[PDB]
Structures are given as C-alpha cells and as structure tokens.
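Engineer: Starting off with a structure, shown below.
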Amino acid sequence: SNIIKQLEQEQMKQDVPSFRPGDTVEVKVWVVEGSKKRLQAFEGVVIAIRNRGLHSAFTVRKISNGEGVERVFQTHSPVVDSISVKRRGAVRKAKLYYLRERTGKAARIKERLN
RNA sequence: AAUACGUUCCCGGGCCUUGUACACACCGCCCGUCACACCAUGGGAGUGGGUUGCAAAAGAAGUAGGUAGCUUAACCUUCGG
Ligand SMILES: [Mg+2]
Ligand SMILES: [Mg+2]
C-alpha cells in the first residue's frame with residue numbers, strides 16, 4: 001500500500017493537463033509504422049474518465065467513416081505522448097455513454113465558455 | 001314354241017336441269033381427338049434486375065442568415081482600445 005503507493009507515484013506523469021468529460025481532446029500516441037516510429041493523432045470526445053492514480057484512464061470517442069471508434073487510454077502509459085484540449089464541452093454527467101445512440105447533429109455538445 | 005298391258009321398281013346408258021367446299025374430277029375432297037418431332041406464346045409457388053408513389057429518417061461541401069468564444073497588417077484612436 002505505502003509500498004505500492006510509492007511504486008506507483010514514481011511512475012506517474014507530472015504534467016497531465018486538466019480535461020473533463022465532454023471536452024474535445026487530441027491525444028498524440030507513439031506508434032510503430034511498419035519500420036518507422038512516429039506520433040499519430042487521435043482526436044475525439046472524452047466520454048469517460050477513470051481517476052485511479054497510476055491506473056487512471058479515459059475513453060475518447062470519434063467518428064471514422066460513418067462509424068464510431070472508441071479508444072481507452074491508460075493516462076500514464078509512455079505510449080501516450082501528450083494530451084491537449086481542443087474545445088471545452090458542457091455536460092452534466094461524468095459518463096457520456098448516451099452519445100453512443102446519437103449521431104451527427106444529435107451528438108453535438110455545447111461549449112463551456114467560462 | 002310361249003309372251004310383252006306397260007315403264008312404278010332393279011341394272012347400264014342418252015338428252016335437259018339443279019346443288020357442289022369435287023378438277024389425277026366420289027376409288028374425289030375433308031374434320032377432330034390420339035401418337036411422335038420441332039417452333040413461338042399464355043398461365044404458374046416463385047427467382048433476379050430496372051424505374052417509381054407515399055410516409056418518415058439522414059445532412060458532406062457550398063452559399064446565405066444569426067453570432068456570446070477565439071483571432072486580426074491597411075481605416076479611426078484620447079494609444080487604453
Ligand atoms: Mg337410271
Ligand atoms: Mg411465362
């Protein structure tokens with residue numbers, strides 16, 4: 001516990017920016033592209049956050065080619081290179097699972113602006 | 001030797017006439033089922049395409065309308081905007 005807490009926080013990123021459910025987020029991820037290693041962008045809406053120290057995670061949801069793609073990131077993974085908020089969204093819930101039944105015009109999210 | 005009134009009836013034939021779908025001409029012509037082969041076609045549980053009405057759903061780009069957020073060399077500035 002202390003031992004574990006101590007093992008876990010020496011592995012934790014220090015500069016995770018603040019973001020919240022409904023925000024539009026761009027995550028830059030390290031990938032091996034054939035024989036290259038590059039950053040690849042993945043942009044979408046944060047529909048779920050799991051706050052849990054080192055095991056923190058978050059689910060980003062986007063539309064590719066008419067169909068939805070959801071990516072669960074482990075926030076502290078070295079695979080995740082950076083996170084940046086592209087727009088601040090206004091929602092009430094913590095978990096936006098209802099957006100999965102919505103498409104295009106129905107799935108929009110107002111801007112927070114404050 | 002017998003017998004013949006007579007021509008209604010049988011058979012062959014002649015002339016006039018009539019009907020005919022016959023003309024290798026009534027031993028003529030021709031009809032439908034049935035059997036076999038071929039052709040095209042209708043119906044047929046269905047199978048696969050084209051086009052189309054109605055009722056809704058969808059909403060890329062563009063253009064126009066609105067505009068709190070962000071941003072801005074030329075004009076105004078009392079230099080803050
Ligand atoms: Mg006679
Ligand atoms: Mg037929």
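Ligands are numbered from 1 in the order shown, chains are lettered A, B, ... in the order of the structure tokens, and residues start at 1 in each chain.
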Would you mind writing down, as a PyMOL selection string, each residue of chain A that DSSP on the backbone assigns to strand (DSSP E or B)?

Structural biologist: chain A and resi 24-33+36-50+57-64+67-74+80-87+89+111

Engineer: Select the residues contacting ligand 1 at a distance of at most 9 Å, based on only C-alpha atoms (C1' of nucleotides) and all ligand atoms, then format the selection as a PyMOL selection string.

Structural biologist: chain B and resi 11-13

Engineer: Write a file of the selected residues as a PDB file, in the first residue's frame, keeping C-alpha atoms (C1' of nucleotides).

Structural biologist:
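Once written, part_30.pdb looks like this:
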ATOM      1  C1'   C B  11     -79.255 -52.704-113.787  1.00  0.00           C
ATOM      2  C1'   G B  12     -76.357 -49.899-117.997  1.00  0.00           C
ATOM      3  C1'   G B  13     -76.873 -45.585-120.945  1.00  0.00           C
TER       4        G B  13
END

Engineer: Write out as JSON, numbers by chain every residue belonging to chain B that has an atom at most 10 Å from any atom of chain A, counting only C-alpha atoms (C1' of nucleotides).

Structural biologist: {"B": [58, 59, 68, 69]}

Engineer: With N, CA, C and O atoms (P, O5', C5', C4', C3', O3' and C1' of nucleotides) retained, export the selected residues as a PDB file, in the first residue's frame.

Structural biologist:
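As a result, again_0.pdb now contains:
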ATOM      1  P     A B  58     -32.995  12.949 -38.627  1.00  0.00           P
ATOM      2  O5'   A B  58     -31.875  12.545 -39.685  1.00  0.00           O
ATOM      3  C5'   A B  58     -31.001  11.456 -39.418  1.00  0.00           C
ATOM      4  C4'   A B  58     -30.053  11.252 -40.569  1.00  0.00           C
ATOM      5  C3'   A B  58     -29.269  12.482 -41.001  1.00  0.00           C
ATOM      6  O3'   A B  58     -28.079  12.616 -40.244  1.00  0.00           O
ATOM      7  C1'   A B  58     -30.274  11.469 -42.897  1.00  0.00           C
ATOM      8  P     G B  59     -27.754  13.954 -39.411  1.00  0.00           P
ATOM      9  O5'   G B  59     -26.852  14.798 -40.406  1.00  0.00           O
ATOM     10  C5'   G B  59     -25.929  14.156 -41.279  1.00  0.00           C
ATOM     11  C4'   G B  59     -25.757  14.978 -42.518  1.00  0.00           C
ATOM     12  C3'   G B  59     -25.515  16.456 -42.229  1.00  0.00           C
ATOM     13  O3'   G B  59     -24.555  17.006 -43.117  1.00  0.00           O
ATOM     14  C1'   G B  59     -27.477  16.194 -43.537  1.00  0.00           C
ATOM     15  P     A B  68     -22.352  39.218 -30.804  1.00  0.00           P
ATOM     16  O5'   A B  68     -21.743  38.949 -29.349  1.00  0.00           O
ATOM     17  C5'   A B  68     -20.864  37.858 -29.106  1.00  0.00           C
ATOM     18  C4'   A B  68     -21.004  37.317 -27.702  1.00  0.00           C
ATOM     19  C3'   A B  68     -19.781  36.569 -27.188  1.00  0.00           C
ATOM     20  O3'   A B  68     -18.897  37.459 -26.525  1.00  0.00           O
ATOM     21  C1'   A B  68     -21.736  35.230 -26.887  1.00  0.00           C
ATOM     22  P     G B  69     -17.327  37.144 -26.351  1.00  0.00           P
ATOM     23  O5'   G B  69     -17.214  35.556 -26.347  1.00  0.00           O
ATOM     24  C5'   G B  69     -16.635  34.874 -25.250  1.00  0.00           C
ATOM     25  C4'   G B  69     -15.906  33.634 -25.699  1.00  0.00           C
ATOM     26  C3'   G B  69     -14.607  33.876 -26.452  1.00  0.00           C
ATOM     27  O3'   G B  69     -13.523  34.036 -25.561  1.00  0.00           O
ATOM     28  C1'   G B  69     -15.947  32.368 -27.673  1.00  0.00           C
TER      29        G B  69
END

Engineer: Can you pull out every residue with an atom within 8 Å of ligand 2? Use only C-alpha atoms (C1' of nucleotides) and all ligand atoms and format it as a PDB file with N, CA and C atoms (P, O5', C5', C4', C3', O3' and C1' of nucleotides), in the first residue's frame.

Structural biologist:
ATOM      1  P     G B  42     -45.595 -15.083 -73.208  1.00  0.00           P
ATOM      2  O5'   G B  42     -47.043 -15.593 -72.813  1.00  0.00           O
ATOM      3  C5'   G B  42     -48.157 -14.732 -72.958  1.00  0.00           C
ATOM      4  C4'   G B  42     -49.400 -15.397 -72.448  1.00  0.00           C
ATOM      5  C3'   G B  42     -49.399 -15.754 -70.976  1.00  0.00           C
ATOM      6  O3'   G B  42     -49.725 -14.660 -70.136  1.00  0.00           O
ATOM      7  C1'   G B  42     -50.084 -17.625 -72.223  1.00  0.00           C
ATOM      8  P     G B  43     -49.006 -14.523 -68.715  1.00  0.00           P
ATOM      9  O5'   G B  43     -49.569 -15.783 -67.931  1.00  0.00           O
ATOM     10  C5'   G B  43     -50.925 -15.739 -67.486  1.00  0.00           C
ATOM     11  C4'   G B  43     -51.413 -17.039 -66.905  1.00  0.00           C
ATOM     12  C3'   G B  43     -50.734 -17.497 -65.626  1.00  0.00           C
ATOM     13  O3'   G B  43     -51.281 -16.883 -64.478  1.00  0.00           O
ATOM     14  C1'   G B  43     -50.770 -19.278 -67.147  1.00  0.00           C
ATOM     15  P     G B  44     -50.312 -16.266 -63.366  1.00  0.00           P
ATOM     16  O5'   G B  44     -49.539 -17.529 -62.800  1.00  0.00           O
ATOM     17  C5'   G B  44     -50.203 -18.498 -62.010  1.00  0.00           C
ATOM     18  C4'   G B  44     -49.296 -19.665 -61.756  1.00  0.00           C
ATOM     19  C3'   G B  44     -47.994 -19.322 -61.074  1.00  0.00           C
ATOM     20  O3'   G B  44     -48.143 -19.243 -59.682  1.00  0.00           O
ATOM     21  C1'   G B  44     -47.552 -20.674 -62.945  1.00  0.00           C
TER      22        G B  44
END

Engineer: Skip residue A:59 itself and residues of its chain fewer than 3 positions away, then list as a count of residues only all residues within 8 Å of it, counting only C-alpha atoms (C1' of nucleotides).

Structural biologist: 8

Engineer: One decimal, in Å: what's the spacing between atom CA of residue A:95 and atom CA of residue A:80?

Structural biologist: 21.7 Å

Engineer: I need the residues of chain A that end up classed as helix (DSSP H, G or I) by DSSP on the backbone, written out as a ChimeraX atom specification.

Structural biologist: /A:2-9,53-55,97-101,104-107

Engineer: Keeping N, CA and C atoms, export the residues of the selection given above as a short mmCIF file (atom, residue, chain, number, x, y, z; two decimals), in the first residue's frame.

Structural biologist:
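Below is the file again16.cif, written as the result:
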data_model
loop_
_atom_site.label_atom_id
_atom_site.label_comp_id
_atom_site.auth_asym_id
_atom_site.auth_seq_id
_atom_site.Cartn_x
_atom_site.Cartn_y
_atom_site.Cartn_z
N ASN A 2 1.51 1.60 1.11
CA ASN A 2 2.59 2.58 1.06
C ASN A 2 3.62 2.13 0.02
N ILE A 3 4.01 0.87 0.12
CA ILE A 3 4.97 0.27 -0.79
C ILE A 3 4.43 0.40 -2.20
N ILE A 4 3.18 -0.01 -2.39
CA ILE A 4 2.57 0.10 -3.70
C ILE A 4 2.40 1.56 -4.10
N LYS A 5 1.92 2.40 -3.19
CA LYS A 5 1.69 3.83 -3.47
C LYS A 5 2.96 4.45 -3.94
N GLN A 6 4.03 4.09 -3.26
CA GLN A 6 5.34 4.59 -3.59
C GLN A 6 5.84 4.04 -4.94
N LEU A 7 5.53 2.78 -5.24
CA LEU A 7 5.91 2.21 -6.52
C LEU A 7 5.13 2.87 -7.64
N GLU A 8 3.88 3.22 -7.35
CA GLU A 8 3.02 3.79 -8.36
C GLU A 8 3.32 5.27 -8.64
N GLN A 9 3.53 6.10 -7.62
CA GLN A 9 3.70 7.52 -7.92
C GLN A 9 5.06 7.89 -8.49
N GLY A 53 -5.18 7.18 -9.87
CA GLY A 53 -3.75 7.28 -9.75
C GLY A 53 -3.11 6.74 -11.00
N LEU A 54 -2.22 5.77 -10.83
CA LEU A 54 -1.38 5.30 -11.93
C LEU A 54 -2.22 4.57 -12.93
N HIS A 55 -3.33 4.04 -12.46
CA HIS A 55 -4.21 3.27 -13.30
C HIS A 55 -5.30 4.12 -13.91
N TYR A 97 -22.23 7.92 -21.91
CA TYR A 97 -22.45 6.73 -22.72
C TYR A 97 -23.63 6.93 -23.69
N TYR A 98 -24.48 7.91 -23.40
CA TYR A 98 -25.70 8.10 -24.19
C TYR A 98 -25.39 8.62 -25.57
N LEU A 99 -24.18 9.12 -25.74
CA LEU A 99 -23.76 9.66 -27.02
C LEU A 99 -23.61 8.57 -28.05
N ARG A 100 -23.55 7.32 -27.59
CA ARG A 100 -23.40 6.19 -28.50
C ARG A 100 -24.67 5.93 -29.31
N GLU A 101 -25.80 6.49 -28.87
CA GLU A 101 -27.07 6.35 -29.59
C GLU A 101 -27.40 7.56 -30.42
N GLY A 104 -24.21 12.54 -35.63
CA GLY A 104 -24.21 13.85 -36.23
C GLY A 104 -24.81 14.94 -35.36
N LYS A 105 -25.95 15.44 -35.80
CA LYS A 105 -26.50 16.66 -35.22
C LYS A 105 -26.99 16.47 -33.80
N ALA A 106 -27.29 15.22 -33.46
CA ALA A 106 -27.89 14.90 -32.18
C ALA A 106 -26.82 14.75 -31.12
N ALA A 107 -25.61 14.45 -31.58
CA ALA A 107 -24.47 14.16 -30.72
C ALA A 107 -23.57 15.35 -30.44
#

Engineer: Got a sec: who's within 7 Å of residue A:81, counting only C-alpha atoms (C1' of nucleotides), leaving out chain neighbours fewer than 2 positions off, as an mmCIF file with N, CA and C atoms, in the first residue's frame?

Structural biologist:
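Generated output (out-v1.cif):
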data_model
loop_
_atom_site.group_PDB
_atom_site.id
_atom_site.type_symbol
_atom_site.label_atom_id
_atom_site.label_comp_id
_atom_site.auth_asym_id
_atom_site.auth_seq_id
_atom_site.Cartn_x
_atom_site.Cartn_y
_atom_site.Cartn_z
ATOM 1 N N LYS A 28 -1.877 12.423 -28.625
ATOM 2 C CA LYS A 28 -0.788 12.050 -29.516
ATOM 3 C C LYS A 28 -0.107 10.850 -28.941
ATOM 4 N N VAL A 29 -0.061 9.809 -29.756
ATOM 5 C CA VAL A 29 0.281 8.475 -29.333
ATOM 6 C C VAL A 29 1.499 7.991 -30.114
ATOM 7 N N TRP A 30 2.394 7.243 -29.473
ATOM 8 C CA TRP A 30 3.559 6.698 -30.179
ATOM 9 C C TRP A 30 3.173 5.411 -30.861
ATOM 10 N N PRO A 78 3.596 5.289 -21.258
ATOM 11 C CA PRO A 78 4.517 6.054 -22.100
ATOM 12 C C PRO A 78 4.112 6.049 -23.576
ATOM 13 N N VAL A 79 3.141 5.218 -23.961
ATOM 14 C CA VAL A 79 2.586 5.267 -25.322
ATOM 15 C C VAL A 79 1.874 6.599 -25.596
#

Engineer: For atom CA of residue A:85 and atom CA of residue A:69, determine how far apart the two atoms are, in Å to one decimal place.

Structural biologist: 18.7 Å

Engineer: When you draw a straight line from atom CA of residue A:90 to atom CA of residue A:102, how long is it in Å?

Structural biologist: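 Interatomic distance here is 16.5 Å.
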